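In order, the protein sequence lines correspond to chains B, D, C, G, E, 5 and F.
Numbered per PDB author numbering, the first sequence spans residues 10 to 23, 32 to 51, 57 to 66, 80 to 90, 170 to 173.
Numbered per PDB author numbering, the second sequence spans residues 3 to 32, 50 to 200.
Numbered per PDB author numbering, the third sequence spans residues 1 to 107, 120 to 173, 176 to 208.
Numbered per PDB author numbering, the fourth sequence spans residues 326 to 436, 462 to 591, 597 to 650.
Numbered per PDB author numbering, the fifth sequence spans residues 3 to 29, 33 to 58, 68 to 141, 162 to 193.
Numbered per PDB author numbering, the sixth sequence spans residues 23 to 105, 130 to 140, 152 to 198, 203 to 215, 235 to 267, 269 to 304, 320 to 336, 351 to 449, 451 to 455, 457 to 582, 584 to 640.
Numbered per PDB author numbering, the seventh sequence spans residues 54 to 97, 99 to 110, 121 to 175, 177 to 238, 248 to 258, 260 to 293.
Read through the structure below, which is laid out as structure tokens, and then see the notes.
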Amino acid sequence: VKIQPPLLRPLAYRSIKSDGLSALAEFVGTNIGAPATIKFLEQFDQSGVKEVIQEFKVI
Amino acid sequence: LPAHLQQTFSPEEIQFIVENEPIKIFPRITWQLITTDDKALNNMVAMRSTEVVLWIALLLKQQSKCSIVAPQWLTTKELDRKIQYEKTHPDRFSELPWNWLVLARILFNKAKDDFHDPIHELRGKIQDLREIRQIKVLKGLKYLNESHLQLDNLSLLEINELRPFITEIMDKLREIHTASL
Amino acid sequence: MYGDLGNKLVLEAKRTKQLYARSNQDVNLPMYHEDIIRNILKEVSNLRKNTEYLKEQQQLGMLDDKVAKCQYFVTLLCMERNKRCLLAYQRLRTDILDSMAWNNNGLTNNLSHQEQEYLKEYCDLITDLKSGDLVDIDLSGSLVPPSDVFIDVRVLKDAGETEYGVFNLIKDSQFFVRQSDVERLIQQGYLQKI
Amino acid sequence: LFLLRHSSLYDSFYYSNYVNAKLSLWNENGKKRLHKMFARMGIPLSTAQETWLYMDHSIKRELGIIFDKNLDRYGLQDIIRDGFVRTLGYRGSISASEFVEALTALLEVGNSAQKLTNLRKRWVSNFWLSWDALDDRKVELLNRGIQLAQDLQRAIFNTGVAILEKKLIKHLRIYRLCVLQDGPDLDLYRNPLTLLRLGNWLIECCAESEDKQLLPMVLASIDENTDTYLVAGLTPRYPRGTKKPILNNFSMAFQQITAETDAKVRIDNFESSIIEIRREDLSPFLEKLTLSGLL
Amino acid sequence: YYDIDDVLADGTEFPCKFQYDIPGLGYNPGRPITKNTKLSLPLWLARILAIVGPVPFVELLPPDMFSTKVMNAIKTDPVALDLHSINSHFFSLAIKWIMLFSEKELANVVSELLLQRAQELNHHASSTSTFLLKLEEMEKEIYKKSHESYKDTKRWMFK
Amino acid sequence: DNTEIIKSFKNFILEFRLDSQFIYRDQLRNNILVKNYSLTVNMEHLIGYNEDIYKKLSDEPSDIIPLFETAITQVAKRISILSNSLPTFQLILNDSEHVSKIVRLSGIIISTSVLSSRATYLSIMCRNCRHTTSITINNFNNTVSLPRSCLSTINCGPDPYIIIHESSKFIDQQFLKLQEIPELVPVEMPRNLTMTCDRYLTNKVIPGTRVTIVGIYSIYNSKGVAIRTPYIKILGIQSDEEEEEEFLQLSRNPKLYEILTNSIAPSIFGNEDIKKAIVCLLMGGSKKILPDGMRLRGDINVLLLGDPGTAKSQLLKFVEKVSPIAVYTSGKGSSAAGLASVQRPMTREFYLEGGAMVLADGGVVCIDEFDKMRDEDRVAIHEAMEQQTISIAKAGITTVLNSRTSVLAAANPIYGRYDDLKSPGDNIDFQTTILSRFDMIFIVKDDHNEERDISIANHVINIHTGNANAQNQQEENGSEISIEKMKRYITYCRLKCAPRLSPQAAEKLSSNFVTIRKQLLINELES
Amino acid sequence: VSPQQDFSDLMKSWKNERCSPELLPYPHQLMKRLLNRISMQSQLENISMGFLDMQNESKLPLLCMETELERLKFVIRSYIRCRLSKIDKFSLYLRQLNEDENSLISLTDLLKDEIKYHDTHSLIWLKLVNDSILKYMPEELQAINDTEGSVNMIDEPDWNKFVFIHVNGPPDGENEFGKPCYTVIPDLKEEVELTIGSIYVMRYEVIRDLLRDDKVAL
Ligand SMILES: Nc1ncnc2c1ncn2[C@@H]1O[C@H](COP(=O)(O)OP(=O)(O)OP(O)(O)=S)[C@@H](O)[C@H]1O
């Protein structure tokens with residue numbers, strides 16, 4: 010997947034630590050919009084932010 | 003990997019190079052860019068000559084905040100004496116500002132309003148002198164052999180476009196010649 | 001008739017250059033002919049198997065004759081020739097993909125798997141260098157020098173849509191905007207006029 | 326006169342809307358009357374067929390005097406106007422009117463409910479070609495629309511003659527009513543503007559006036575999409591003889612009938628004068644339109 | 003090497019007879038072919054075939079393409095001569111052959127021919163009829179480059 | 023005066039400037055290096071330039087032609103310095154009311170002439186006093206001649241001047257002849274005129290095209321009633351890279367075969383096998399130049415024997431309209447269309465005129481009424497399609513010529529549809545060797561299918577009325594934008610590709626010819 | 054150390070880079086200080103973000129600043145990508161040049178991003194040629210380098226090739251012997268020679284010393 014994190018960062022900015038923002042940017046990075059990325063990011080203590088961002171058979 | 007040219011510079015790239023040229027202007031005002056090389060200067064008095072790089076003048080002209088002075092060297096009578104000197108000099112390619120081609124192209128885009136009747140006047144002259152220069156290049160070009168190439172005086176643009184030809188040929192000549200030994 | 005398969009493949013490469021000349025660059029390499037490669041392998045395998053055979057027999061019935069060494073020396077060159085053809089072929093074959101890896105990243121299926129393996133590792137490697145700079149580069153795109161500064165672009169089948179502000183991409187709506195965001199959207203083909 | 330600079334004076338009158346009803350060009354009677362006007366002009370038929378560019382200089386300079394000395398016979402005395410003409414120099418001058426007709430023609434050609467919306471999308475797609483067309487330097491595209499304008503006017507005047515033979519007009523006292531339920535080249539009729547000028551071309555034709563009591567015309571057509579039958583309002587044109600603030604009538608009537616059962620009715624058209632209606636339901640819509648007549 | 007022209011250049015077959023007996027004909034079921042049998046052979050192999058001995071393995075008979083009739087014919091009127099039918103790889107080929115044989119005269123000849131060809135090829139370059167078809171490969175490639183250079187130059191003048 | 027006109031056109035090329043670009047000086051600067059020695063000027067741009075200039079050209083063309091030739095050569099000398131032997135250029139531009158005037162027109166080429174020659178510059182000599190002068194000439198169509210005086214006085237008289245032939249200069253001359261259009265006003270025999278061509282226009286068009294010619298309708302006198325034959329001097333004949355881009359685009363689509371079978375006969379429903387074989391005829395196969403003493407044949411042949419009413423006639427007409435060069439013939443009996452011509457007569461000279469296979473060398477020949485034809489020169493047709501070698505051993509000439517044609521047939525068996533109710537042969541009364549020398553044989557049948565019958569009915573009513581099948586414009590927007598497009602594509606297709614079969618496919622045909630010959634064994638030996 | 058001259062030398066070295074057929078010393082001593090300075094001014099955006107805060121004028125140098133930033137960033141992009149390309153074409157020979165003792169090793173002076182991309186690219190390249198054609202790797206053919214004949218992986222150290230050059234050099238107020255200008260050199264032919272006002276195209280080898288000395292423009 011292709012993204013530009015410098016563009017991503019001011020959007021993420023709207032304080033937040035760089036480690037948390039960078040971590041969520043990396044993890045959410047695989048999921049991409051057209057983009058829809060803004061819609062998923064706006065949905066998102081440190082523990083709550085960290086948990087909120089995360090979101170053998172038979173033939 | 004752009005691959006183009008890769009030996010020649012793109013025409014727009016040489017235009018990017020000529021962006022660096024300083025030029026005099028007449029601002030409408032009566050700053051402190053930290054970027055790289057301007058370092059100057061305090062708010063300039065209106066209609067007063069001050070030297071500034073080309074692209075910023077292009078900006079100010081786009082906002083019409085400056086009055087560009089026409090370059091003194093570009094005067095029809097001077098091109099007439101140049102063409103005169105050309106008809107009598109089969110070899111020498113004498114004087115050219117060397118960047119003048121792109122300048123004139125740009126100056127006629129916007130700066131056209133300041134000049135006194137350049138319209139249907141110097142435009143023909145520059146074209147005429149241009150082509151006679153091109154053919155004089157061709158006449159000296161028939162003489163081409165290693166190891167000397169007479170580069171004397173020419174605007175960088177034409178030198179760039181003619182580059183692939185001569186550059187790739189001379190190598191063959193040298194190779195076959197030295198190789199024959 | 002002998003190194004003939006090499007001639008056909010090298011020739012196809014030569015044509016593929018011209019196929020890519022203007023072109024517009026729509027270049028989608030037709031296929032990897034591995035059947036011909038198999039034929040090369042069968043010929044070399046037969047050749048070096050006989051070569052090793054005579055190399056062994058040289059101590060018994062050939063008795064290391066001077067003329068016998070010539071055929072080894074011949075086949076060795078022929079081998080290099082074959083090699084040379086495949087090397088250059090693949091090198092260009094690789095090169096064109098490399099170019100396609102650069103231009104549109106950015107910011120198939122018919123071709124042989126080894127290429128995609130190399131490709132995925134190549135693109136991962138170039139992303140490693142993009143991570144290194146941290147300059148920023150942005151080295152794969154932005155080939156044309158900018159001016160001045162704003163441009164008018166029209167939408168190309170994009171609706172859509176976000177960087178710095180959400181601009182609400184709307185199909186068939188032309189704007190007047192700075193080069194910056196346009197550079198990103200053009201990589202996806204979403205913008206048309208420049 | 327229309328398409329003056331890019332076409333033959335002959336075709337100019339032939340396709341002229343103003344000259345049309347007065348000379349009754351669809352009918353054969355005025356045909357000889359037209360040649361009679363040229364016989365007054367002393368112009369050879371072959372001379373009229375040549376392009377305006379290659380016609381003799383004498384014919385040029387004397388054109389207005391000849392017009393002053395001939396056209397008055399048919400009551401055309403009030404025509405010559407001091408209207409503005411652009412000078413772009415080397416490629417030639419054009420009156421603003423002609424460029425307007427060409428650009429609007431460029432607007433209309435030169436390009462379940464999903465197909466209709468898709469076509470609406472294509473109409474908006476043709477707008478940017480026109481917005482791009484507004485520049486002076488881009489002449490390449492402009493000449494195509496300039497000539498296609500002639501192709502339209504040809505089809506207009508042709509279908510017009512077809513309507514003239516059947517006399518489908520219902521000359522009622524309340525209002526005149528018509529409908530084109532079938533005919534050749536109906537695709538061009540999809541654009542409301544086609545029918546706008548078409549209606550205008552009829553409105554001045556049927557009534558010059560031609561006393562008395564100018565009346566509104568009804569028009570519609572449909573091909574697919576289950577009897578769309580776009581019906582656009584039309585208003586009479588006075589021949590200079597705004598005498599009164601008449602303007603329009605229909606907005607209130609559309610509000611009254613659309614306030615009834617309004618089954619299948621679609622007010623989707625941005626302009627209030629045109630509405631889509633089923634023919635099955637267009638007939639009672641007409642009945643309710645006749646009475647109670649708001650006018 | 004990796005240049006397409008290299009394998010292309012070595013691909014042409016050259017009629018050079020060997021000096022010795024040759025068992026194992028690579029081209033018939035003799036098996037050994039008697040010495041001085043003239044056979045066309047690829048430049049890559051035949052190039053170094055006689056290089057190994068110190069007597070060379072191949073006589074290296076003179077090329078038919080380099081015949082005196084050809085060489086003087088080209089010395090006459092270069093503009094009209096057609097190189098495309100005879101080889102068509104010529105400068106790039108002849109340099110290889112001339113390296114093997116090491117003659118200084120014809121090199122000095124061909125160079126002038128190339129110069130005039132260059133003159134002429136640059137004359138068609140500004141913007162036919164049938165000549166443009168007979169040009170050798172290298173000059174063709176340069177022609178494409180030169181064409182885009184000028185097209186783009188004048189286009190660069192306006193838009 | 024004289025030079026003012028030269029000055030006006032030099033002030034035209036050098037001192038015209040539209041928005042940011044001057045065009046005509048660039049035209050001449052391109053043409054000299056190209057070695058054109060010519061120039062083209064759009065007269066409509068000239069009318070766009072000035073008003074007095076155009077009426078001046080309008081009045082006297084014979085007088086103003088040299089001021090153009092002078093303005094051409096004076097500018098040409100600066101670029102000539104920029105570029130020894132350099133002549134004056136020729137510009138090429140594109152009844153009682155028409156004598157000697159600027160008129161454009163259009164027609165069809167009847168017959169050309171052999172490249173002839175008038176003179177341009179020439180020097181004379183006094184045979185006694187040795188007095189020499191020189192005169193250059195342009196309008197070779203009477204005005205002046207050689208004087209009869211030694212001129213050193215200004235008695236050797238009369239005319240002492242002898243034309244020096246070793247130091248003269250010459251040009252070429254064509255002399256076409258044109259024929260009226262076969263669609264309009266022949267309500269007669271076809272009429273014709275006489276053409277005459279100048280310098281770079283020579284040897285340009287092989288006859289048969291439908292063309293437009295800009296001309297000067299002037300009058301000459303040669304062969320007391322003032323009988324003069326009129327003629328039209330030709331100025332600017334016009335004929336019949352990005353396209354390569356769209357050509358490559360159209361070449362690789364896998365639906366090309368069908369979209370071409372949506373391009374040939376839109377007026378005709380059905381007959382899809384015929385509709386397909388026409389596609390293969392307009393392209394032409396390979397051409398083998400073997401060490402063998404002969405070469406083989408490339409183009410193919412189409413037969414349409416069958417029941418009447420099929421409109422195979424309309425199909426063969428449209429075949430003639432698609433190919434660039436082709437000959438359509440309807441039967442053995444004409445009003446005016448012939449087939451090795453033998454012309455015996458002025459100067460008592462035998463000469464070769466032409467025919468029909470000669471025009472269609474490398475094209476399509478359409479023969480209607482295959483069974484309504486005589487055996488008078490049929491033998492030439494029995495050979496022209498197989499070995500491409502017409503021999504002539506008559507009283508005039510003794511040559512062996514070339515004929516690269518392809519013949520298209522449209523027959524009718526005897527008694528119509530009943531020929532298939534008796535034994536399936538019984539069609540050609542002579543023999544079956546002519547059909548063996550053809551390629552494709554098709555039999556058109558007539559079977560009732562009510563849905564097919566209703567479809568062919570309303571399909572044809574829609575063709576006549578209400579332009580329902582004629584929807585084509587959106588089809589143009591989606592498929593086969595033009596016929597002329599197909600023609601330009603075939604021109605590009607014939608000389609570029611060098612087709613040949615593939616070695617893995619050859620064993621398939623070898624195994625298949627066995628099955629067809631076995632099929633004939635089954636139907637023959639047991640019967 | 055002056056930004057004006059640094060930028061001058063930037064465009065200078067960029068031109069020199071693109072013209073030169075083969076590799077040149079890596080100027081980390083300069084490249085680094087500039088990459089830092091640009092990031093300084095680049096971050097220095100802050101006044102623009104603080105400008106929205108004053109809301110409950122002249123942005124001309126603002127976007128001009130930003131413009132020149134990205135503009136110069138373009139220049140360096142072409143520069144670096146060009147070096148990378150050159151390395152891709154010269155990779156086998158450059159590693160072989162690393163193998164040799166004399167003179168100057170690849171390392172960092174002459175060549177960090179580069180060496181990484183070099184070794185990694187060459188690595189996966191070897192994996193791509195190896196897994197494809199050399200499997201199927203005859204005993205003698207196992208080596209991918211010069212056999213010799215013919216040859217390979219020796220290309221292309223050609224210094225003999227002609228290229229355009231322009232005489233320019235630091236003035237005394248040395249090798250200027252007069253009368254008009256400097257300086258005096261082919262192996263088989265003599266000096267021509269040179270003048271500061273005109274470009275004389277000749278062999279890239281004889282002028283190599285001057286490029287190392289910075290005595291001739293390209
Ligand atoms: N789809 C169609 N099928 C058949 N005839 C058609 C069709 N459309 C139009 N026609 C017309 O009907 C005529 C039928 O005659 P043809 O089809 O020419 O019969 P024919 O078999 O050619 O008889 P010939 O010419 O002597 S072999 C045509 O010539 C056309 O004028």
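The beta carbon of each residue, even a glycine, is placed where N, CA and C say it ideally should be.
Kindly examine ligand 1 and report whether one of its heavy atoms sits closer than 6 Å to the Cβ of residue i.
| i | result |
| --- | --- |
| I496 (chain G) | no |
| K422 (chain 5) | yes |
| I504 (chain 5) | no |
| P525 (chain 5) | no |
| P418 (chain 5) | yes |
| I166 (chain 5) | no |
Based on Cα-Cα distance, which residue from the options lies nearest to residue i?
| i | options | result |
| --- | --- | --- |
| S197 (chain F) | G3 (chain C), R91 (chain C), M1 (chain C) | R91 (chain C) |
| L401 (chain G) | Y343 (chain G), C555 (chain G), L527 (chain G) | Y343 (chain G) |
| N603 (chain G) | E631 (chain G), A505 (chain G), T585 (chain G) | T585 (chain G) |
| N103 (chain C) | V27 (chain C), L5 (chain C), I208 (chain C), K207 (chain C) | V27 (chain C) |
| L139 (chain 5) | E465 (chain 5), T177 (chain 5), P133 (chain 5), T62 (chain 5) | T62 (chain 5) |
| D561 (chain G) | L580 (chain G), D573 (chain G), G591 (chain G) | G591 (chain G) |
So with CB distances below 7 Å, who are the chain C contacts of residue i?
| i | result |
| --- | --- |
| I49 (chain B) | Those do not exist, as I49 (chain B) stays about 11 Å from chain C at its closest Cβ, beyond 7 Å. |
Taking C-beta pairs closer than 7 Å, name the residues in chain G that residue i reaches, listed in chain order.
| i | result |
| --- | --- |
| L425 (chain 5) | None at all; the shortest Cβ gap to chain G is about 27 Å. |
| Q188 (chain C) | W478 |
Counting contacts by CB-CB distance shorter than 7 Å, is residue i in contact with chain C?
| i | result |
| --- | --- |
| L170 (chain D) | no |
| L148 (chain D) | no |
| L193 (chain F) | yes |
For a contact meaning CB atoms closer than 9 Å, what does residue i contact in chain D?
| i | result |
| --- | --- |
| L92 (chain C) | Within 9 Å Cβ-Cβ: nothing; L92 (chain C) doesn't reach chain D, min ~13 Å. |
Does residue i get closer than 7 Å to chain F when you measure Cβ to Cβ?
| i | result |
| --- | --- |
| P30 (chain C) | no |
Can you list the residues of chain E that residue i reaches, using a CB-CB cut of under 9 Å?
| i | result |
| --- | --- |
| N217 (chain F) | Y3, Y4 |
Which chain D residues sit within Cβ distance under 7 Å of residue i?
| i | result |
| --- | --- |
| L19 (chain C) | Here the premise fails: no neighbours, minimum Cβ distance about 15 Å. |
Could you list which residues in chain F have their beta carbon closer than 9 Å to that of residue i, in chain order?
| i | result |
| --- | --- |
| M79 (chain C) | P203, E205, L206 |
By DSSP's criteria, residue i is part of a beta bridge. Which residues make up the other side?
| i | result |
| --- | --- |
| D480 (chain 5) | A522 (chain 5) |
| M276 (chain 5) | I328 (chain 5) |
Does residue i come within less than 7 Å of chain 5 when only Cβ atoms are used?
| i | result |
| --- | --- |
| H360 (chain G) | no |
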